[PDB]
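Novice: First the structure, which I've put down as structure tokens, then a few questions once you've had a look.
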Amino acid sequence: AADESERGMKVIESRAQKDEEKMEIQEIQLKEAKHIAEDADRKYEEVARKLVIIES
Amino acid sequence: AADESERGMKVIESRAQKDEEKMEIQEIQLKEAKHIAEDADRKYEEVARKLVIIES
Amino acid sequence: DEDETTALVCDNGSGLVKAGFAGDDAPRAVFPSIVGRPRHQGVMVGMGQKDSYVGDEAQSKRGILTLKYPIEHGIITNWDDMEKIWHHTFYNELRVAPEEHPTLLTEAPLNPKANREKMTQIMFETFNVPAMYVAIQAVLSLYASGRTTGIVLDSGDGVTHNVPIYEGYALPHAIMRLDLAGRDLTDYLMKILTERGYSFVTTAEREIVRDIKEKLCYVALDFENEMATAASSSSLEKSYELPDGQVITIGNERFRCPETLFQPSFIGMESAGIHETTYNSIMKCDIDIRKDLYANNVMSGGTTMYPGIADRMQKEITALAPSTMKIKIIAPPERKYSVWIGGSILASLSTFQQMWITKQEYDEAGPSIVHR
Amino acid sequence: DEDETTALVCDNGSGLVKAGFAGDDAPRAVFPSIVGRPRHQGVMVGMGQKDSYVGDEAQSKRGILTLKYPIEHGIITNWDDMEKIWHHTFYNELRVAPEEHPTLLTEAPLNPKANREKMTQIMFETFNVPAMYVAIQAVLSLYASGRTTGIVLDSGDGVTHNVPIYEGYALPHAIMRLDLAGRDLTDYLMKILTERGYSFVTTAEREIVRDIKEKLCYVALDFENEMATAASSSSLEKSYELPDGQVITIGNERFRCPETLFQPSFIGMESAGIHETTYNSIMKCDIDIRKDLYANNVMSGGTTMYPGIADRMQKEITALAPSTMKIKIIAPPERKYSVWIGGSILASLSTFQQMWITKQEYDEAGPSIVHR
Amino acid sequence: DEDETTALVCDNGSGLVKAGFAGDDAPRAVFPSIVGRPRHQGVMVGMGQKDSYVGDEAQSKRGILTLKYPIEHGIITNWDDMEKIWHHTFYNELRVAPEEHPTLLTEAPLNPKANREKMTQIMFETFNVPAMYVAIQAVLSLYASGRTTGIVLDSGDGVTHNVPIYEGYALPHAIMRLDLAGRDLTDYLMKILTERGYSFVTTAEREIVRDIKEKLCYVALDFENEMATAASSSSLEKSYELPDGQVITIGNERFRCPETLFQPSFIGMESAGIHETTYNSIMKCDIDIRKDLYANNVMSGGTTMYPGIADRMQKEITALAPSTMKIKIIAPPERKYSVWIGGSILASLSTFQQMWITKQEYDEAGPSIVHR
């Protein structure tokens with residue numbers, strides 16, 4: 001019973017590492033994607049306000 | 001040795017589930033964040049082109 | 001409606017006042033926190049002799065007046081001149097009569113007990129407001145970001161603060177104050193820009209260095225290999241056109257200015273910087289609450305608006321915090337009004353009615369009543 | 001079913017309450033035996049003013065409350081605060097109304113006559129339970145291991161005991177109490193771990209030393225040449241990852257902590273240790289019953305769960321007992337709930353119905369009735 | 001004379017080193033326990049490039065160096081920087097060559113075995129002293145007050161301790177350490193004095209708050225009706241003249257600072273205070289020795305010098321101790337050097353010669369020899 005439970009432990013620990021790495025790479029790609037979404041959505045409100053003032 | 005390795009198995013399987021869920025919720029939040037970043041990056045390339053013509 | 005419409009929210013700052021009605025999404029009134037006193041006798045065409053000037057008329061006419069700032073570093077230092085800014089806010093800016101409006105005011109982090117009692121004395125006894133309430137600024141900022149536990153890095157015009165808050169109670173012994181903010185930051189840009197070979201000679205040159213700081217300044221992550229980048233000279237440069245043609249270029253200094261917030265040594269300050277201070281606040285708090293504070297670094301204040309401030313802070317504290325920890329730097333877009341918006345929410349709220357200090361409480365308990 | 005379903009079993013401890021329904025295999029409710037009283041006036045968001053807190057809400061909110069333990073060393077010391085823990089158990093934890101449930105309670109080994117009468121007074125007169133019964137703890141532990149004669153080494157959070165039982169009657173004059181248990185043991189680990197060059201500084205560092213003790217601590221047999229082993233430095237070491245990354249390593253101290261149970265001298269205790277005390281209990285009993293007690297050393301309690309406790313005890317008493325004797329140390333896996341399980345069995349039993357003290361017995365005989 | 005003259009006594013503290021010759025009545029050398037490392041390359045006029053600075057030259061030149069404290073809370077934390085402070089002590093401060101002087105050193109209450117062996121390794125192997133000896137600090141303080149059994153409340157710059165000693169052996173399991181001392185106390189005064197409406201802005205303002213604490217601070221007995229007294233405003237106030245004219249007044253806060261030692265809650269500390277801790281040490285000791293400890297509360301350390309500390313402690317423990325007991329709080333005048341003086345006495349003593357660890361003992365037994 002012990003040897004079968006050690007083997008299963010090893011396999012689920014390896015899957016848990018393999019997925020924990022995937023989360024961290026997405027979680028980081030996203031602080032990036034959200035930050036470029038926000039740097040983009042500021043530049044505009046300055047350019048669109050700049051548009052409405054130079055149209056006026 | 002068997003009871004400690006069963007307990008550790010249970011705890012790492014529980015962490016593996018808990019993190020697999022976190023990845024899926026970030027991975028989905030991101031198709032959303034990247035898509036809003038792109039719906040954003042088209043309309044101020046349009047509004048800034050509209051700006052440069054009404055500034056000219 | 002009696003007071004649903006009627007609650008006022010006045011956030012008193014070192015540089016700006018933010019004011020308006022509880023309910024609104026943003027301040028109806030924003031203006032400098034100055035009180036000008038004319039250096040000479042005379043008049044403007046069509047007006048009478050004016051003893052005093054406040055806000056923008058004091059800024060615009062600064063050449064003939066002696067300008068004074070009532071709030072030094074977030075604390076009210078001159079009460080004669082503050083009652084003047086309040087008067088202006090109610091009567092001219094919001095054009096309301098105060099004696100029928102409940103007024104939510106804000107104070108600073110370790111505001112002396114005696115001050116909270118004094119502005120209550122002036123609110124009730126010289127403005128005769130029905131009821132009032134003083135909220136702590138970081139606490140309204142947090143709450144406006146939905147939560148109740150977190151640590152706010154708050155940074156405006158004269159002060160920076162770190163106020164760790166747990167289930168609403170700001171933690172007195174863990175609060176840190178750093179007297180370097182947006183005011184200090186405009187004057188440093190000034191010098192690195194004259195030092196770029198320029199001259200901000202007339203007052204129309206002075207004022208706009210501040211508009212350069214706001215529009216073009218950045219907080220780079222890896223400020224190290226950003227200077228290095230500056231040198232290879234990429235299309236990193238940025239030219240601004242002055243009141244006239246005089247196109248001034250700012251490439252590099254653009255980020256050397258907010259690197260002052262992480263390195264106070266850029267300005268002859270020996271104090272620690274923003275990120276270390278976030279952290280030190282945190283290793284001054286209870287142990288069990290430190291995972292909470294780390295996942296809830298809420299930013300508020302005009303000077304925390306520099307783009308990429310959050311990414312630099314993100315990486316600044318990850319790399320100081322134990323790896324077992326989750327770091328999370330929340331920086332909302334409306335952050336230059338977080339404080340105010342948190343007050344608008346709170347004061348328009350359904351449950352806040354029972355915390356308003358009324359003239360009944362006051363006339364019966366003395367200023368002590370609101371002091372808590 | 002009337003009461004087959006309906007019997008409650010509440011085991012009151014120095015650290016934990018274990019509670020649930022007779023019939024179940026394990027306690028439905030397990031929680032700290034604290035009652036917190038707020039040090040300041042104020043509220044949590046959305047709740048009202050609370051006068052008191054019990055169990056985990058008292059632990060979680062410990063920074064604003066004064067925590068108090070009603071049971072000192074297994075004996076109820078504060079009856080106002082105990083009625084509070086019972087109230088919480090029935091109404092919030094098990095969510096039952098007590099006035100229709102028979103309640104089996106437990107008491108400690110030489111529990112003063114007057115207490116057994118007082119908790120009966122409170123069970124029947126303030127909770128209005130239909131019927132109740134007080135079992136002695138070691139006696140339920142034994143019985144849950146099937147037998148009726150044996151000696152229980154019982155060890156939990158504030159007390160250790162040896163209760164020799166013969167055909168069900170616990171032997172008053174042979175019972176030994178040693179006031180050093182799991183609570184004492186967590187605080188000693190604490191010091192040998194700070195002494196390993198560490199700091200359990202915030203409250204999130206304090207609490208988890210106890211989770212280190214539970215997960216990684218051992219009772220080595222031949223604790224002598226285990227220290228010797230430590231030195232050659234084998235892969236005996238064990239690193240635990242803290243709330244954050246901060247991987248702490250514990251090699252050796254891992255077993256220096258339960259060696260405290262055999263050597264009280266590790267902690268400035270002059271009393272004898274667990275194994276000697278097992279033995280002394282035994283040479284205080286009748287002669288003809290000593291072979292029985294020796295082949296039936298039943299262990300129960302959270303602190304007897306340290307792996308290899310049984311092997312060390314096995315060899316500890318073989319080598320003190322006359323060689324003509326059979327030694328036998330029974331340590332079941334569910335032992336942190338033996339006491340409770342013994343109560344669940346007994347109270348769900350077919351023959352126990354005729355020992356329940358009913359309100360009829362009480363209203364007619366006074367607290368004396370159940371006291372026996 | 002060989003060594004009658006020749007024995008050195010070095011007391012290593014968290015804030016100060018006290019040093020001199022066994023025989024003298026007071027330390028020949030007292031100086032900060034810092035090691036400064038220059039932040040920039042350059043020189044003073046007439047000197048060469050200096051890699052390091054120690055004691056007062058590190059304090060005086062602090063603006064261009066990074067200051068570091070080798071002893072954190074009484075324990076040596078950096079051994080590179082400590083060997084630097086020792087070097088300075090022998091060669092510059094006492095101007096002796098160490099290789100012909102026996103050296104009595106002191107260590108802290110539960111100083112890790114390994115440290116006592118390490119400073120022995122450095123004393124004998126890098127300084128080549130003839131012989132040395134490490135005394136425990138509370139133990140030298142007691143002995144300098146004539147006696148051998150008592151309990152010392154020892155309080156300096158980074159730690160407070162209670163060390164119950166019986167016929168010379170300090171009692172390991174009854175010792176209590178409270179990490180709040182004179183350093184913590186100067187920083188709290190700082191805030192209650194800026195909070196009185198002041199500014200300790202330049203470094204010449206910072207340093208002198210500590211000289212205010214030493215000269216004007218008090219420990220009032222009945223700290224309750226001393227605040228009450230403050231309010232009626234008696235001639236309790238006290239103005240100090242700064243480096244310049246700037247006469248600062250301190251009336252009240254004067255005693256609010258040492259009330260921190262009885263109430264750690266003044267500074268966000270949740271630990272118990274000095275008097276309770278004296279007591280708890282005492283109800284952790286053997287029963288038969290508790291009358292002795294109570295009649296012999298010896299005080300030592302810079303922070304126990306606040307006038308009226310002894311009267312407050314006198315009444316603090318009388319009212320916690322059983323009335324059958326005799327309380328007695330000994331606080332001598334030289335107490336800021338008790339530790340040192342106890343070493344001077346002991347090491348100049350006629351009978352101590354046979355406990356000196358000699359290089360013969362060391363070269364033959366390893367660091368283990370002195371470790372005891």
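In the structure tokens, each chain is lettered A, B, ... as it comes, each chain's residues begin at 1, and ligands are numbered from 1 in order of appearance.
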Taking the DSSP secondary structure from the backbone, can you list the residues of region 288-361 of chain D that are alpha helix (DSSP H), as a list in words?

Specialist: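 Checking each residue of region 288-361 of chain D, the alpha helix (DSSP H) ones are residues 290, 291, 292, 293, 294, 309, 310, 311, 312, 313, 314, 315, 316, 317, 318, 338, 339, 340, 341, 342, 343, 344, 345, 346, 347, 348, 359, 360 and 361 of chain D.
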
Novice: At most 10 Å is the cut-off: for each residue in chain C with any atom that close to an atom of chain A, write down the nearest atom pair and the distance in Å rounded to one decimal, counting only C-alpha atoms, chain first then increasing number, as a tab-separated table.

Specialist:
residue	atom	partner	partner_atom	distance
C:215	CA	A:46	CA	8.9
C:307	CA	A:39	CA	7.2
C:308	CA	A:35	CA	8.1
C:310	CA	A:35	CA	9.1
C:311	CA	A:31	CA	8.1
C:314	CA	A:31	CA	9.7
C:332	CA	A:38	CA	9.9
C:333	CA	A:38	CA	8.6

Novice: Near chain C, which residues of chain D fall within 8 Å when you count only C-alpha atoms, and what do they look like as JSON, numbers by chain?

Specialist: {"D": [44, 45, 201, 202, 203, 204, 205, 241, 242, 243, 244, 245, 246]}

Novice: Keeping only C-alpha atoms, take the residues you just selected and write them out as a PDB file, in the first residue's frame.

Specialist:
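To be explicit, this is the file written out as again00.pdb:
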ATOM      1  CA  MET D  44     -16.751  44.661  12.022  1.00  0.00           C
ATOM      2  CA  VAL D  45     -18.367  45.842   8.801  1.00  0.00           C
ATOM      3  CA  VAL D 201       8.174  37.415  15.209  1.00  0.00           C
ATOM      4  CA  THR D 202       4.651  38.191  13.846  1.00  0.00           C
ATOM      5  CA  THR D 203       1.571  36.220  14.983  1.00  0.00           C
ATOM      6  CA  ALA D 204       1.627  34.341  11.644  1.00  0.00           C
ATOM      7  CA  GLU D 205       5.037  33.026  12.678  1.00  0.00           C
ATOM      8  CA  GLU D 241       7.875  26.188   3.898  1.00  0.00           C
ATOM      9  CA  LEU D 242       6.371  29.017   5.990  1.00  0.00           C
ATOM     10  CA  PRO D 243       3.061  31.094   5.108  1.00  0.00           C
ATOM     11  CA  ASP D 244       5.359  32.637   2.463  1.00  0.00           C
ATOM     12  CA  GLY D 245       8.593  31.186   0.812  1.00  0.00           C
ATOM     13  CA  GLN D 246      10.857  31.385   3.916  1.00  0.00           C
TER      14      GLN D 246
END

Novice: Please determine the contact residues of chain B with respect to chain A at a cut-off of 6 Å, counting only C-alpha atoms, and supply them as a ChimeraX atom specification.

Specialist: /B:2,9,12-13,16,23,33-34,37,44,51

Novice: Could you name the residues that touch residue 22 (chain C) at 10 Å or less, counting only C-alpha atoms, but leaving out those on the same chain fewer than 5 positions away, as a list in words?

Specialist: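 With the cut-off at 10 Å, the set is residues 3, 4, 5, 6, 7, 8, 9, 10, 27, 102, 103, 104, 340, 341, 342, 343, 344, 345, 346, 347, 348 and 349 of chain C.
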
Novice: Hey, can you check how far CA of residue 55 (chain D) sits from CA of residue 85 (chain D)?

Specialist: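 Value for the CA of residue 55 (chain D)-CA of residue 85 (chain D) distance: 7.7 Å.
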
Novice: Run DSSP on the backbone and tell me which residues of region 51-277 of chain D come out as strand (DSSP E); list them as a PyMOL selection string.

Specialist: chain D and resi 53-54+65-68+71-72+75-76+103-107+131-136+150-155+160-166+169-170+176-178+238-241+247-250

Novice: Based on the selection just made, write N, CA and C atoms of those residues as a CSV table (one decimal), in the first residue's frame.

Specialist:
chain,number,residue,atom,x,y,z
D,53,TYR,N,-16.6,36.6,22.1
D,53,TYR,CA,-16.3,35.9,20.9
D,53,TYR,C,-15.9,34.5,21.4
D,54,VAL,N,-16.1,33.4,20.7
D,54,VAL,CA,-15.8,32.0,21.2
D,54,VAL,C,-15.2,31.2,20.1
D,65,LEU,N,-9.1,41.5,21.4
D,65,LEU,CA,-9.8,40.9,22.5
D,65,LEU,C,-8.9,40.4,23.6
D,66,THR,N,-9.4,40.2,24.8
D,66,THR,CA,-8.6,39.6,25.8
D,66,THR,C,-9.2,38.2,25.9
D,67,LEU,N,-8.3,37.2,25.5
D,67,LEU,CA,-8.6,35.8,25.4
D,67,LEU,C,-8.5,35.2,26.7
D,68,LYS,N,-9.5,34.3,27.0
D,68,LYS,CA,-9.5,33.5,28.3
D,68,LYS,C,-9.8,32.1,28.1
D,71,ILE,N,-11.0,26.3,31.1
D,71,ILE,CA,-10.5,25.1,31.6
D,71,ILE,C,-9.0,25.1,31.9
D,72,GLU,N,-8.6,25.2,33.1
D,72,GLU,CA,-7.2,25.2,33.4
D,72,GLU,C,-6.8,23.8,33.9
D,75,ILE,N,-9.7,21.1,34.5
D,75,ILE,CA,-10.7,21.4,35.4
D,75,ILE,C,-11.4,22.7,35.1
D,76,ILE,N,-12.8,22.9,35.1
D,76,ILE,CA,-13.4,24.2,34.7
D,76,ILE,C,-13.2,25.2,35.9
D,103,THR,N,-27.5,14.8,26.6
D,103,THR,CA,-26.1,15.3,26.5
D,103,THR,C,-25.1,14.5,27.3
D,104,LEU,N,-24.1,13.8,26.7
D,104,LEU,CA,-23.1,13.1,27.5
D,104,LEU,C,-22.0,14.0,27.4
D,105,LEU,N,-21.5,14.4,28.6
D,105,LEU,CA,-20.4,15.2,28.9
D,105,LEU,C,-19.2,14.5,29.4
D,106,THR,N,-18.0,15.1,29.4
D,106,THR,CA,-16.9,14.4,30.0
D,106,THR,C,-16.3,15.3,31.1
D,107,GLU,N,-15.7,14.7,32.1
D,107,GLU,CA,-14.9,15.4,33.1
D,107,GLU,C,-13.6,14.8,33.3
D,131,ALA,N,-32.0,15.0,29.5
D,131,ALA,CA,-31.2,14.1,30.3
D,131,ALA,C,-29.7,14.3,30.0
D,132,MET,N,-28.8,14.0,30.9
D,132,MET,CA,-27.4,14.1,30.7
D,132,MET,C,-26.6,13.1,31.5
D,133,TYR,N,-25.3,13.1,31.5
D,133,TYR,CA,-24.5,12.0,32.0
D,133,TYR,C,-23.0,12.6,31.9
D,134,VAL,N,-22.2,12.4,32.9
D,134,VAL,CA,-20.8,12.9,32.9
D,134,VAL,C,-19.9,11.6,32.9
D,135,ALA,N,-19.2,11.3,31.8
D,135,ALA,CA,-18.2,10.2,31.9
D,135,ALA,C,-16.8,10.6,32.2
D,136,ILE,N,-15.9,9.8,32.8
D,136,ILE,CA,-14.5,10.3,33.1
D,136,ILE,C,-13.8,10.0,31.8
D,150,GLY,N,-7.3,-1.7,32.1
D,150,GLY,CA,-6.1,-1.2,31.5
D,150,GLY,C,-5.7,0.0,32.2
D,151,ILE,N,-4.6,0.7,31.7
D,151,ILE,CA,-4.2,2.0,32.3
D,151,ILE,C,-4.1,2.9,31.1
D,152,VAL,N,-4.8,4.1,31.2
D,152,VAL,CA,-4.7,5.0,30.1
D,152,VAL,C,-3.6,6.1,30.4
D,153,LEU,N,-2.7,6.4,29.5
D,153,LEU,CA,-1.9,7.5,29.6
D,153,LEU,C,-2.6,8.5,28.7
D,154,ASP,N,-3.2,9.5,29.4
D,154,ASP,CA,-4.0,10.5,28.6
D,154,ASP,C,-3.3,11.8,28.7
D,155,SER,N,-3.1,12.5,27.5
D,155,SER,CA,-2.3,13.7,27.3
D,155,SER,C,-2.7,14.6,26.2
D,160,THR,N,-1.5,15.9,31.5
D,160,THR,CA,-1.2,14.5,31.3
D,160,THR,C,-1.7,13.7,32.5
D,161,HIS,N,-2.2,12.5,32.3
D,161,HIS,CA,-2.7,11.7,33.4
D,161,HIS,C,-2.4,10.3,33.1
D,162,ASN,N,-2.5,9.5,34.2
D,162,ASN,CA,-2.4,8.0,34.1
D,162,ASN,C,-3.6,7.5,34.9
D,163,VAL,N,-4.6,6.9,34.3
D,163,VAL,CA,-5.8,6.5,35.1
D,163,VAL,C,-5.9,5.0,34.9
D,164,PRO,N,-5.5,4.2,36.0
D,164,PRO,CA,-5.6,2.8,36.0
D,164,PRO,C,-7.1,2.5,36.2
D,165,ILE,N,-7.7,1.7,35.3
D,165,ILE,CA,-9.2,1.3,35.4
D,165,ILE,C,-9.4,-0.2,35.5
D,166,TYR,N,-10.2,-0.6,36.5
D,166,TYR,CA,-10.4,-2.1,36.7
D,166,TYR,C,-11.9,-2.4,36.6
D,169,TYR,N,-14.1,0.7,36.9
D,169,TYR,CA,-13.9,1.7,37.9
D,169,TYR,C,-12.5,2.3,37.9
D,170,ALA,N,-12.4,3.5,37.6
D,170,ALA,CA,-11.1,4.2,37.6
D,170,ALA,C,-10.6,4.3,39.1
D,176,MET,N,-2.3,9.6,38.4
D,176,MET,CA,-1.2,10.6,38.5
D,176,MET,C,-1.5,11.6,37.4
D,177,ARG,N,-1.1,12.8,37.8
D,177,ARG,CA,-1.3,14.0,36.9
D,177,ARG,C,0.0,14.7,36.8
D,178,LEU,N,0.4,15.0,35.5
D,178,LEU,CA,1.6,15.6,35.2
D,178,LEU,C,1.2,16.8,34.4
D,238,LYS,N,14.7,18.3,8.1
D,238,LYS,CA,13.4,18.5,7.5
D,238,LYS,C,13.0,19.9,7.4
D,239,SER,N,13.0,20.4,6.1
D,239,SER,CA,12.5,21.8,5.9
D,239,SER,C,11.0,21.9,5.5
D,240,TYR,N,10.4,22.9,6.2
D,240,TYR,CA,9.0,23.3,6.2
D,240,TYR,C,9.0,24.6,5.5
D,241,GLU,N,8.0,24.9,4.5
D,241,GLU,CA,7.9,26.2,3.9
D,241,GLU,C,6.8,27.0,4.7
D,247,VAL,N,11.7,29.2,3.7
D,247,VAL,CA,11.9,27.8,4.0
D,247,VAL,C,12.8,27.6,5.2
D,248,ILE,N,12.1,27.2,6.3
D,248,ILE,CA,12.8,26.9,7.5
D,248,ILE,C,13.2,25.5,7.6
D,249,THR,N,14.4,25.2,8.1
D,249,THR,CA,14.9,23.8,8.3
D,249,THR,C,15.0,23.4,9.8
D,250,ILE,N,14.5,22.2,10.0
D,250,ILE,CA,14.5,21.5,11.3
D,250,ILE,C,15.0,20.2,11.0

Novice: Using only C-alpha atoms, which of E:229, E:353, E:120, E:271 sits nearest residue 179 (chain E)?

Specialist: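 Nearest to residue 179 (chain E): E:271.
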
Novice: Tell me, in Å to one decimal, how far CA of residue 13 (chain C) is from CA of residue 74 (chain C).

Specialist: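 Separation between CA of residue 13 (chain C) and CA of residue 74 (chain C): 6.0 Å.
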
Novice: As an exercise, work out the distance from CA of residue 309 (chain E) to CA of residue 334 (chain E) in Å and give it to one decimal place.

Specialist: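 A separation of 14.6 Å between them.
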
Novice: Using only C-alpha atoms, determine which residues lie at most 8 Å from region 185-198 of chain E, disregarding the query and same-chain residues fewer than 3 positions distant; provide the list as a ChimeraX atom specification.

Specialist: /C:112 /E:180-182,209-210,213,250,253,257-258,260,267

Novice: Take the residues from that selection and put them in a file with N, CA, C and O atoms, as a short mmCIF file (atom, residue, chain, number, x, y, z; two decimals), in the first residue's frame.

Specialist:
data_model
loop_
_atom_site.label_atom_id
_atom_site.label_comp_id
_atom_site.auth_asym_id
_atom_site.auth_seq_id
_atom_site.Cartn_x
_atom_site.Cartn_y
_atom_site.Cartn_z
N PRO C 112 -3.13 65.57 14.66
CA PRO C 112 -3.23 65.85 16.08
C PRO C 112 -4.65 66.02 16.57
O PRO C 112 -5.42 66.77 15.99
N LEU E 180 12.52 45.88 24.21
CA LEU E 180 12.15 47.28 24.17
C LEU E 180 13.06 47.90 25.20
O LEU E 180 13.05 47.52 26.35
N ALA E 181 13.90 48.84 24.78
CA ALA E 181 14.85 49.44 25.68
C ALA E 181 15.08 50.92 25.39
O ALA E 181 14.20 51.53 24.78
N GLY E 182 16.21 51.52 25.78
CA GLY E 182 16.48 52.94 25.65
C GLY E 182 16.44 53.52 24.25
O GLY E 182 16.15 54.71 24.11
N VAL E 209 17.46 64.72 21.25
CA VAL E 209 16.22 64.23 21.84
C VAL E 209 16.62 63.16 22.86
O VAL E 209 16.06 63.05 23.94
N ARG E 210 17.69 62.45 22.56
CA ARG E 210 18.25 61.45 23.42
C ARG E 210 18.83 62.10 24.68
O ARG E 210 18.73 61.54 25.77
N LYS E 213 15.75 62.99 26.88
CA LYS E 213 15.37 61.75 27.54
C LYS E 213 16.24 61.49 28.74
O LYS E 213 15.72 61.35 29.83
N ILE E 250 9.06 70.95 27.63
CA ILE E 250 8.63 69.58 27.85
C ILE E 250 8.10 69.62 29.26
O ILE E 250 8.85 69.74 30.22
N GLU E 253 5.14 65.00 28.74
CA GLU E 253 5.84 63.89 28.04
C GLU E 253 7.11 63.30 28.64
O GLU E 253 7.49 62.14 28.45
N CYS E 257 7.22 59.00 28.46
CA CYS E 257 8.28 58.19 27.84
C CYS E 257 8.64 56.97 28.73
O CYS E 257 8.54 55.84 28.23
N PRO E 258 9.06 57.03 30.01
CA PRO E 258 9.31 55.84 30.81
C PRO E 258 8.00 55.10 31.18
O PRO E 258 8.07 53.90 31.44
N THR E 260 6.31 54.05 29.11
CA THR E 260 6.33 53.04 28.06
C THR E 260 6.89 51.74 28.61
O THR E 260 6.39 50.67 28.27
N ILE E 267 3.46 51.87 22.56
CA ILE E 267 4.25 51.75 21.36
C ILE E 267 3.85 50.56 20.50
O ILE E 267 4.68 49.99 19.79
#

Novice: So that I can check the surroundings of residue 94 (chain D), please list as a PyMOL selection string every protein, DNA and RNA residue that reaches within 8 Å of it, counting only C-alpha atoms and ignoring chain neighbours fewer than 2 positions away.

Specialist: chain D and resi 19-20+28-29+89-92+96

Novice: Just want the 8 Å neighbourhood of residue 331 (chain E), counted on only C-alpha atoms, with same-chain residues fewer than 2 positions away dropped. Output as an MDAnalysis selection string.

Specialist: chainID E and resid 298:300 310 329 333 335

Novice: With N, CA and C atoms retained, write the just-selected residues as an mmCIF file, in the first residue's frame.

Specialist:
data_model
loop_
_atom_site.group_PDB
_atom_site.id
_atom_site.type_symbol
_atom_site.label_atom_id
_atom_site.label_comp_id
_atom_site.auth_asym_id
_atom_site.auth_seq_id
_atom_site.Cartn_x
_atom_site.Cartn_y
_atom_site.Cartn_z
ATOM 1 N N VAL E 298 17.618 43.573 41.843
ATOM 2 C CA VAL E 298 18.720 44.472 41.599
ATOM 3 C C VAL E 298 18.453 44.975 40.206
ATOM 4 N N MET E 299 18.626 46.290 40.083
ATOM 5 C CA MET E 299 18.487 46.926 38.793
ATOM 6 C C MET E 299 19.829 47.326 38.179
ATOM 7 N N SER E 300 19.986 47.059 36.891
ATOM 8 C CA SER E 300 21.153 47.595 36.232
ATOM 9 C C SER E 300 20.809 47.961 34.802
ATOM 10 N N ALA E 310 12.547 52.927 40.666
ATOM 11 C CA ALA E 310 12.631 52.005 41.770
ATOM 12 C C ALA E 310 11.341 52.104 42.572
ATOM 13 N N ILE E 329 13.642 46.490 46.108
ATOM 14 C CA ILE E 329 14.175 46.949 44.821
ATOM 15 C C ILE E 329 15.461 47.754 45.009
ATOM 16 N N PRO E 333 23.462 53.868 42.330
ATOM 17 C CA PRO E 333 23.734 55.047 41.525
ATOM 18 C C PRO E 333 24.639 54.764 40.347
ATOM 19 N N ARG E 335 24.576 52.240 38.604
ATOM 20 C CA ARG E 335 23.972 51.223 37.734
ATOM 21 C C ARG E 335 24.162 51.205 36.211
#

Novice: Show which residues sit within 10 Å of residue 33 (chain C), as a ChimeraX atom specification. Count only C-alpha atoms, and ignore same-chain residues fewer than 2 positions away.

Specialist: /C:12-18,30-31,35,54-56,58-59,67-71,81-82,85-86
